[PDB]
Each structure stands twice: as structure tokens, then as C-alpha cells.
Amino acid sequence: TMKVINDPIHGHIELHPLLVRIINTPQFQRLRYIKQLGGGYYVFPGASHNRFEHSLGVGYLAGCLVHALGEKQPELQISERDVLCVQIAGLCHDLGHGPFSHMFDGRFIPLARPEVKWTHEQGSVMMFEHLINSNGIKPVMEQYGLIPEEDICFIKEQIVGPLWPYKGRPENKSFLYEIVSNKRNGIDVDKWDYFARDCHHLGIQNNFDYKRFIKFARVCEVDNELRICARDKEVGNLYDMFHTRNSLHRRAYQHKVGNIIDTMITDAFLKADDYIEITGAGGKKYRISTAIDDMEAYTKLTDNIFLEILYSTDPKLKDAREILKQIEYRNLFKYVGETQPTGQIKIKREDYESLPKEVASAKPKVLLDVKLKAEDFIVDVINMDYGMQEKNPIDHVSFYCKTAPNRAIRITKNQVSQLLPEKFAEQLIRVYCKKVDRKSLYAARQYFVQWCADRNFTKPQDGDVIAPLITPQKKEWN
């Protein structure tokens, strides 16, 4: 029978026994030990929530959406098999996150292993595999009518991605790939859970209503494929859903101090990578940066690694340790400012590594007790968008009208409002300095404002205050 668990976002929820089996493994339980927001806790003290609780929510919401499509449209032929496959994918979608979640695949692995291209989603697919194989799950699947050759492939495709590119289900069931991770427009139950769950812990209040969206969702034919569509009148609510997502990145997930703590932690991990060993399959030894290649080692790789370093006495870890100690005493690299590009220019990823030199080379009208080298500056480039680079995701939604419920239509931005955004992607540039005394910091402010003046970037907000000698060098800034 069901097992009931009490979650503070979604209340008392029912867990099917196949879900319970998957949950009660070391591979799943690992997610108790990885914080959702990583370094965000060191800015927002309510944000101690881990990936475990998020994963139960996503699995529960995935079931809610699929059941409701089924009740109202029996003609879709949604079976109990289908429902369970969707539920499992929801539950297991984030099994591949590593320590501090997006710090791990966003910053560490790219710095430590420039030869691979990895994502937490690929991790989730591998860790799902290991979990199934190492705990006897396959017979239990069959015991509830699932067919492993086909259904495991279906689960993995829902998590990671792939005429018709899918082996696990055919075109008459394409709507099912739109639940857990929606590649077409990004409207998925993953976002629904983290919006509500992150807001509860952060202390910032949620303004999106997922339950409403589920009441007015429907499957229609669009270009010979069955797809999830929304009532026409929900269009304003979907623009607002993406606005919420951007707001939460601005206030929380990209908080300038949040990001710098993740940077320092990444640093500390880089200086310990050589010296820590994790035992994997067949007794072999892996490092923090290679543990991703062996799921038995990866199983034991969690936020704990922070304290392993912080509590060590090995002299080979002193360097890594001293960085973590600077965090505890709150001696953080200092935030210098933010700026953005201009015209319609972009900054290409190749050039990220050249930026600190450029700042160091700005020749401010000299009144300076220290000259600063490139090693002293960090430049953090952040790409903010509506989840589809510079496209409008609402261009990739279909709607229906009360008068013709089986007929999809499109609704353009013009038809909605002139107060909507004109663009859907931008870049923010933050600069910090590692030298933390008043002299070094004063200087760094001058280099930085000169650099913005030189590249024709926006004028930093406090520019007149931090660099009164420099902001006059542009007419364009009065």
C-alpha cells in the first residue's frame, strides 16, 4: 500500500511502494547531504534545504500533472505504467547533483576538467543506472507492470533529453516528455517545486500559482504531435512565471556574495583535488574531479567534503583549509561593482579568461599606493535569460479557447501588453578584488570604473561616489 510522508510545501503525500524502494537506497539518500542553493545558505540563513526534499516534491507534482490530464482526457490512453514512469523520472531527476549543487557543474568541473563536457543531468542518468543495478530494482519494476528495456530508456530521456528522436515512447505520447523537464518551452514541474520550496526557506514570497495552471491545461494536436496547451486567459500568468524566475535569480541565486562564496569554495576544492581520495568500484581511487566517472565513488561525494577539508590536519590540505577558514571569519573577496555591455554587443565565453588582465591594465589618472596584478581581480560573467537564450518562450507555447477546446493557437507578445520586456537575455559583469585592505580596495575601484569607461560599458550605480575623479571622463554619464 501507500506510505504517507509530510512535506511542508505539499502536505501529506502518498508514495507508491516502487517509489519507496528507490528512495531507500544509499544512492537516493545521498541527496540529504547536498544543499539545494549551495553557498546561498551563507547569505540566506533559512536556506538549509537539501535536494532530497526537492526530489520528493518534483516526483509528487509530476504525478499530479499526468493524473489530471488522464482524468479529463481518457482518450489519451495514459496507463498506470505511464504514470509511474513519470513519477520515477520526477523523483530521480536531480540524482546527479554534486556538492553545493550548481557550484559543482557551473564552476568546479569546468575549471578542474576542461577536457570533459559534463552536466548534473548526465550524472542523474548514470546514477539512476547504478541505483537500479546495485539494489535489485528491475524485478520490482516488472512486478508493477513496467517493461525495463523500454521504460528505463523513457525515464532517462525525460531527464536528459533524447523525424521523432525518442526510443521510449511514440509521437502520440509526446506530451509526457513535457512534464519533468520541458525542452520545448521550459514550463515544467521542477520549476514549480523549487519556486515554492526556495521561497518558503529564503524568506521571499512566491507569486506563481501552479495549481491554477494544472486546472486549465489540456492536450491538443499541434504540427501532428500531441502537446500540453493552456487556456488563452493564462497568457499573462505565463509571462509572470518567467518574471518570477528572473526575480529569484536576481535576489537570491546570483546574489553577489552568494556567488563569491561559491567561488571561494571552488578554489578550495581546486587546491585539494590532488590530495583527496575516494574509493570507488573494485577498490580504485578517485579524486573530487574524477569521482564523476565512477558512480560508486560519486555516491560518497557530498557537501561533507567541505568539512573533511576544514577539519583536516594533513599539511597537503593547508592551502584549501586556509580558504575555508577565511569564509568562517567572514574575510571574503571584496565586491567592487557591476556593469553591463551596451549596443547589442556580447561577451564570448573564449574571452572570459582575459578580463582580469584588462582590468589590471586600465591606466586610471594615477593617485595610487599599490599597483594591482591580474591575479588579484575576479570577473564573473552571468548570463540571465528566460531559459531559451534570447528567445521568448511564450512563442513556443500553444493555447486553446473556451469556444474550440481541441484547437491550438498562438498568441504573440503584441496581443498581450506593451509593458512586457523587449529583450529576453542580458549579461551582468561583476568584479571583485582579493586584496581586502582599504588601500587595495580604493585602487580596485579606480581600475574598475576606468575599465567600464574604456569598453563603453554601463556606468556603475555608485560610480560618482566610489570614483569621483573618473566618472567626469565621460560626457555620456552626467
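The first residue of the sequence shown is number 1, and the count goes up from there.
A.B. asks: In terms of residues present in the deposited sequence but not modelled, what lies between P110 and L111: none, 1 to 3, 4 to 9, or 10 or more?
C.D. replies: Gap between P110 and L111: none.
A.B. asks: Determine, for stretches 2-10 and 468-476, which one has the higher mean CA B-factor as deposited.
C.D. replies: If you average the C-alpha B-factors of 2-10 and of 468-476, the larger mean comes out for 468-476.
A.B. asks: Could you check the entry and say whether 417-425 or 440-448 has the higher mean CA B-factor?
C.D. replies: The entry gives the higher C-alpha B-factor average to 440-448.
A.B. asks: Based on what the PDB entry reports, which of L84, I187, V381, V359 has the top C-alpha B-factor?
C.D. replies: Across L84, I187, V381, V359, the entry lists the biggest C-alpha B-factor for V359.
A.B. asks: Quick one: which of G203, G258, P170, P99 shows the highest Cα temperature factor in the PDB entry?
C.D. replies: That would be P170.
A.B. asks: C-alpha B factor of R231, ranked within the chain: lowest, middle or highest third?
C.D. replies: It belongs to the lowest third of the chain when residues are ordered by C-alpha B-factor.
A.B. asks: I345's Cα B-factor: lowest, middle or highest third of the chain?
C.D. replies: Answer is highest: the recorded C-alpha B-factor places it there.
A.B. asks: Lowest, middle or highest third: where is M388 by Cα B-factor in its chain?
C.D. replies: It falls in the middle third of the chain.
A.B. asks: Against its chain's modelled residues, does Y311's Cα B factor rank lowest, middle or highest third?
C.D. replies: According to the entry, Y311 has a C-alpha B-factor in the chain's middle third.
A.B. asks: Test of reading the entry: by CA B factor among the chain's modelled residues, which third contains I323?
C.D. replies: For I323, whose C-alpha B-factor we compare with every modelled residue in the chain, the answer is the middle third.
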